[PDB]
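Consider the single chain below, provided in structure tokens and representing the form deposited in one PDB entry.
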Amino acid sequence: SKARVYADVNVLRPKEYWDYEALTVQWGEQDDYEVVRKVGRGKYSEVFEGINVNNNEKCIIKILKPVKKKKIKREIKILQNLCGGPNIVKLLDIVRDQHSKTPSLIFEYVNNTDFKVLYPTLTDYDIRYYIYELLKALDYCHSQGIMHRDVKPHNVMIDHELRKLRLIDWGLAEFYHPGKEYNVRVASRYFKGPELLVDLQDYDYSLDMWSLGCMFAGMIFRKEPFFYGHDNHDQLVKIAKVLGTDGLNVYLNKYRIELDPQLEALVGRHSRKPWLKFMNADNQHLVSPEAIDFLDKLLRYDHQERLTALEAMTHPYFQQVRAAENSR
């Protein structure tokens, strides 16, 4: 399998661009930055609002937990390459603690509104707008030969007052190389594409489009998360129960993939369900025909069938967002 767009970005670019293991970090001054308060945390980092004591400007301080040095150079390189792109969080400095060697990545300040509280209040138009803005981030990183691999609401920071969006946490992102076999243990379970769940390792940018589709579905149907499985096997079951197993067999046959006799027994047999089966009073309107057409074009087993980020941006679902942007 290979990506249908941007397959050659790293083929044409100098090894300097994608050879992150060869990166040698230039450490800044750790004293330039003071923690103000913790604002987030995860398996790989703790995140704080900080202050740059030189200019007294706010910033974000991401303190990295112990991991392989290669993963640290990878995130740094990718952030450097993407810095300046639309709606990509900006890495401004990198520092570390002399004694412990604990590294911290310093980012432009981002003022997040918690998605669990934000999403319920989003209007129809807000959803179209924020998804369009996210799509800019994704087409951009894809055009620069990079897959995010962890698209989920937690990694989409939104300052709703200023209608600003930033795609964050590039700690799982990777460079795309045609034919390369990647680790499938990426992305949060609810947002794992079928390719990850059936061990198709030569995947690409289209992985991010499945994860986006999951986010979108959760938004318009007001179900968080949309595909709610308890482990990876169960996650594939939840997908099969909606998309149907006929399509799954076609997918697996196309890519010559064999399912575990165990996993296969679990998945069983399911008809494809219509997207409107999930419409209800809390969500009936968020679920217009254009929303369903667009969603349906993202949530496809076959990664090669999914809309690209660029295509997605042009779907008529977003026509008003485009019109409003053009008039500016």
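The first residue of the shown sequence is 1; numbering continues from there. Note that the rigid core is defined as the largest set of C-alphas that superpose within 1.5 Å between two forms.
Fitting each structure in 8 other deposited structures of this protein onto the rigid core and averaging C-alpha distances over structures and residues, 92 to 100 emerges as the more displaced of 92 to 100 and 157 to 165. Farther from the shown form on average, by C-alpha root mean square after a core fit in 8 other deposited structures of this protein, is 101 to 109, of the stretches 210 to 218 and 101 to 109. Mean C-alpha B-factor is higher over 154 to 162 than over the other stretch, the pair under comparison being 85 to 93 and 154 to 162. When the C-alpha B-factors of 202 to 210 and 231 to 239 are averaged, 231 to 239 comes out higher.
Ranking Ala217, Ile168, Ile257, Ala173 by Cα temperature factor from the entry places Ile257 first. Each of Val47, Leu298, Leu286, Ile292 has a CA temperature factor in the record; the biggest one is found at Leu286. When the modelled residues of the chain are ordered by C-alpha B-factor, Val321 sits in the middle third. Compared with the other modelled residues of the chain, the Cα B-factor recorded for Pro225 ranks in the middle third. Residue-level temperature factors show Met313 in the middle third of its chain, judged at the C-alpha atom. The deposited CA B-factor of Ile61 belongs to the lowest third of values across its chain.
Per-chain ranking of the deposited C-alpha B factor places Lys101 in the highest third.
One more form of this protein, deposited with a partner chain bound, exists but is not displayed; see below.
By the 4.5 Å heavy atom rule, the three marked residues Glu181, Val184 and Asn283 all fail to count as contacting the partner chain in the deposited bound form. The shortest heavy atom separation between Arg37 and the partner chain in the deposited bound form is within 4.5 Å. Proximity of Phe48 to the partner chain in the deposited bound form falls within the 4.5 Å heavy atom cutoff. Contact annotation for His230: none of its heavy atoms lies within 4.5 Å of the partner chain in the deposited bound form. For the chain shown alone, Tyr33 is a contact residue for the partner chain in the deposited bound form, at least one non-hydrogen atom being within 4.5 angstroms. Stretch-level contact check against the partner chain in the deposited bound form with heavy atoms at 4.5 Å: of 235 to 243, 170 to 178, 112 to 120, 78 to 86, the positive one is 112 to 120. Shown without its partner, this chain lists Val287, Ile63, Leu295, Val267 as candidates; in the deposited bound form, only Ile63 has a non-hydrogen atom within 4.5 angstroms of the partner chain. Residue-level contacts in the deposited bound form: of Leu248, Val156, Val95, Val198, one residue has a heavy atom within 4.5 Å of the partner chain, and it is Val95.
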